[PDB]
Amino acid sequence: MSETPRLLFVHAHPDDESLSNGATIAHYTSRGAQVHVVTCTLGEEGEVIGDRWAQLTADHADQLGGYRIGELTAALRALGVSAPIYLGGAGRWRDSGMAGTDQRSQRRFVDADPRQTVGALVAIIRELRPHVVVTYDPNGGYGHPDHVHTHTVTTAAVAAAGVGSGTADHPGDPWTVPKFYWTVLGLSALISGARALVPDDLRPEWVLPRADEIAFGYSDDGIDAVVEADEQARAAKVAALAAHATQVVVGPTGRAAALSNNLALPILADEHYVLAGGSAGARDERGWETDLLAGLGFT
Amino acid sequence: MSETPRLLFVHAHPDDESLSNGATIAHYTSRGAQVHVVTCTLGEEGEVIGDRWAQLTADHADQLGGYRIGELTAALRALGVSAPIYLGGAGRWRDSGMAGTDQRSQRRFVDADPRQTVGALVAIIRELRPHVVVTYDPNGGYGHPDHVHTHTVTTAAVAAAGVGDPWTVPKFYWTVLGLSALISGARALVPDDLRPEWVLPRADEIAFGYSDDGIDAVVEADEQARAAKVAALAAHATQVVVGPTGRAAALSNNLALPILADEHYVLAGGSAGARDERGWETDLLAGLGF
Ligand SMILES: [Zn+2]
Ligand SMILES: [Zn+2]
């Protein structure tokens, strides 16, 4: 274990950390926890909002990933995290592209040698020795191929990290992650969130989404934990999303945001999780932990 | 010619603005002038110093140009310039690489249609109406293909901008290396100015230095401007490292170079103002009535 708590979030693209776990990250950094984010790709295949950087996309100059390094860096800082960590090194494994898009590249993350991807993340785990690790559920949240792959890699890495390896002269330093969570979308919290939005929250060109285009929400019964952050944490999440300016636009009141598809989304203080490995601590009347560190003895 | 002076520097790659003109840019912005820099490529084909960003290069992830946007932005801000301007839009025309090289892209600046490149720069000039424009000499300084191309495009644009909305650039300069100042700067360096891996230069590693009689103007830096130049170079961390005393720097080849605040120019168009005992203007704006 040790004295200051340590948490690790493993994501696919720049912005995933803020969209999924921004409020949770800021929550824990503000309480003196050591939090790191690992990002598995630079996001080379992203769309761009606005004209200024529009020629950086893969179908033009194809330089978007390098630009998003600065966005990620600023977003992490807003969340209280000091620097990005790109799996295998910045630029190692390329954004694999949205589902269904047939993509040309011989460096795609989904195609990468599991020995290398898993090996890279085992090293990070063993170095950082996180008490909590967080990543996507098996369907990668909304089904993005890198999200699914990030889940597969991270699951395998968590399993390998605590197992003895290395040679007689170079023994591994194994670390068994105490608690392993999937970050997931809470269906009910989202409905509540969308329903609380007023026209003043939206930009004129944004459309509210209907049931069908949203999406893959867990029921309260499928959820094991929540971090219910305060307004200071939520405002950090807002600032982190604003920093990903090519990817995400925050509305006039900071209550809502939208990606390039112009679907308005609420920016919530509550973030939900499924416990995939380890022992739960105390659960409330919903059956949820209210602290990812629960049972680990920091309180 | 509004009485606030307006200056435009046209460069090939991120860092060229600070290596060539950093002190001059800071000198003028600190004095309330309107200064802009146009950068013609993102520098996609650059090498990288250090391991952190090493896989960004064109023979790995090929994403370095997008990363260098932030380096340029920070460098510009250290010089008092609020934002980068990439010719034709960020990413329009690619870094063409060193001479002799070597690439898959057909978006190279050197191969670009003159109508588009010159057209783009003409629009910027008519928009900014600079009193002074600066770019490389005809050999592009040290001969980088993009630097030669930048000179060619800028020269064509300056000529075209004032022909029938039109702006005739009052004064057009080439930024050049001063031979004498480079020799003296190199000589003044001591091993403490360098980092472990760097090599002190000699009479050998010079090349394209202009003589004092071939120079028309100098902007002599005060300490605030030199310090801004040093901060700007430092911001281009993938390309340039400043030494421990801030008096020397080196690119990826590890050849130490003095950080010479005094920057020299050849008047390529327009009329000179007052010259000093060296035969040099000491202000690019000389004779324009500010
Ligand atoms: Zn993603
Ligand atoms: Zn250059």
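We name chains A, B, ... by the order of the sequence lines, and we start the count at 1 in each one. What's counted below: heavy atoms across the whole structure, side chains too, no hydrogens, waters or symmetry copies.
Using a 3.5 Å distance cut-off with no hydrogens or angles, the side chains of A:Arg126 and A:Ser165 do pair a donor with an acceptor. Under 3.5 Å, the side chains of B:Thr57 and B:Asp59 contain a donor-acceptor pair of N or O atoms. With 3.5 Å as the limit, one finds no donor-acceptor pair spanning the side chains of A:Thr150 and A:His147. A:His27 and A:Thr24 share no side-chain donor-acceptor pair at under 3.5 Å. At a cut-off of 3.5 Å, with distance as the only test, no side-chain donor of A:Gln103 or A:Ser105 sits close to an acceptor on the other residue.
Between the CZ atom of A:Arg6 and the CE atom of A:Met1 there is a distance of 7.5 Å, given to the nearest 0.5 Å. Remark: A:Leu293 CG to A:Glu289 CD distance equals 9.5 Å, nearest 0.5 Å. Atom CG of B:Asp95 sits about 4.5 Å away from atom OG1 of B:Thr41, to the nearest 0.5 Å. Remark: A:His144 NE2 to A:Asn139 CG distance equals 14.5 Å, nearest 0.5 Å. Taken from OG1 in A:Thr73 to CD in A:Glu71, the straight-line distance is 10.0 Å, to the nearest 0.5 Å. To the nearest 0.5 Å, atom CG of residue A:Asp15 and atom OG of residue A:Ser20 are 9.0 Å apart.
Taking the ring centroids of A:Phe298 and A:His131, they lie under the 6.0 Å cut-off.
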**Request:** Run the numbers on B:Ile69 and A:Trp53 for side-chain contact (heavy atoms from CB on, under 4.5 Å), then give the verdict.
**Result:** CA-CA 10 Å; B:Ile69 293 169; A:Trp53 309 115; 3.6 Å; yes
**Item:** Verdict with reasoning, A:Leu19 to A:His13, per side-chain contact (heavy atoms from CB on, under 4.5 Å)
**Value:** CA-CA 11 Å; A:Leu19 286 164; A:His13 312 106; over 6 Å; no
**Item:** Criterion salt bridge (charged side-chain N to carboxylate O under 4.0 Å, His left out) on A:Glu213 and A:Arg210, from CA distance to verdict
**Value:** CA-CA 6 Å; A:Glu213 61 213 342; A:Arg210 268 66 160 262; 5.0 Å; no
**Request:** Test A:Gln247 against A:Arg68 for side-chain contact (heavy atoms from CB on, under 4.5 Å), laying out the working first.
**Result:** CA-CA 9 Å; A:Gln247 302 305 304; A:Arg68 290 177 67 172; 3.5 Å; yes
**Prompt:** Can you check side-chain contact (heavy atoms from CB on, under 4.5 Å) on A:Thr246 and A:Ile49, steps first, answer last?
**Reply:** CA-CA 5 Å; A:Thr246 63; A:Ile49 298 169; 5.9 Å; no
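Closest approach of A:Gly88 and A:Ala120 over heavy atoms only: N-CB, 4.1 Å. Minimum interatomic distance between B:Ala78 and B:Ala231 (heavy atoms only, all atoms of both residues): CB-CB, 4.0 Å.
Under a 4.0 Å N-O distance rule, the pair B:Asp62/B:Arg94 qualifies as a salt bridge. Using a cut-off of 4.0 Å between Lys/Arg side-chain N and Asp/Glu carboxylate O, A:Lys179 and A:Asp291 are scored as not salt-bridged.
Looking at heavy atoms from C-beta onward, A:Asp111 lies out of side-chain contact with A:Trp93 at the 4.5 angstrom threshold. Taking 4.5 Å as the limit, some side-chain heavy atom of A:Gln55 sits within range of a side-chain heavy atom of B:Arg107. Considering only heavy atoms from C-beta on, A:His36 stays 4.5 Å or farther from A:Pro130 through its side chain. Residues A:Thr4 and A:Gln34 have side chains in contact (heavy-atom distance under 4.5 Å, counting atoms from C-beta outward). Using a 4.5 Å heavy-atom cutoff, the side chains of A:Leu72 and A:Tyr86 are in contact. The closest side-chain heavy-atom distance from B:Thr39 to B:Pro14 is below 4.5 Å. The side-chain heavy atoms of A:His149 and A:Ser96, taken from C-beta on, include no pair separated by under 4.5 Å.
The local environment of CZ in A:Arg52 is sparse, with at most 12 non-hydrogen atoms from other residues, nucleotides or ligands closer than 6.0 Å. Heavy-atom neighbours of A:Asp212 CG from other residues, nucleotides or ligands within 6.0 Å: above the threshold of 12. No more than 12 heavy atoms of other residues, nucleotides or ligands sit less than 6.0 Å from atom CD of A:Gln232. By the 6.0 Å contact criterion, CG on A:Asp51 is open, its count of non-hydrogen atoms from other residues, nucleotides or ligands being 12 or less.
Of the listed residues (A:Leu8, A:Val274, A:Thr154), just one forms a side-chain contact (heavy atoms from CB on, under 4.5 Å) with A:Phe180, and that residue is A:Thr154. Considering A:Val134, A:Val184, A:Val226, A:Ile223 in turn, A:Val134 is the only one that fulfils the side-chain contact (heavy atoms from CB on, under 4.5 Å) rule with A:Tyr273. Screening A:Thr155, A:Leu121, A:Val177, A:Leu128 for a side-chain contact (heavy atoms from CB on, under 4.5 Å) with A:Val133, the sole residue that qualifies is A:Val177. The side chain to side chain donor-acceptor pair (under 3.5 Å) test with A:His11 singles out one residue from A:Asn21, A:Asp146, A:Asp16, and that residue is A:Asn21.
Under the 30°/60° scheme for interplanar angles, the aromatic rings of A:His151 and A:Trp182 are found to stand perpendicular.
Formation of a donor-acceptor pair under 3.5 Å by the A:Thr135 side chain with backbone atoms of A:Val10 is found in this model. With hydrogens and angles disregarded, no donor-acceptor distance shorter than 3.5 Å links the side chain of B:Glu47 to the backbone of B:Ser252. Within the 3.5 Å criterion, the main-chain N or O of A:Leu87 finds no donor-acceptor partner in the side chain of A:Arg92. Panel note: side chain A:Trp206, backbone A:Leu265; no donor-acceptor pair is recorded below 3.5 Å. A donor-acceptor pair under 3.5 Å is formed between the side chain of A:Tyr28 and the backbone N or O of A:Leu292.
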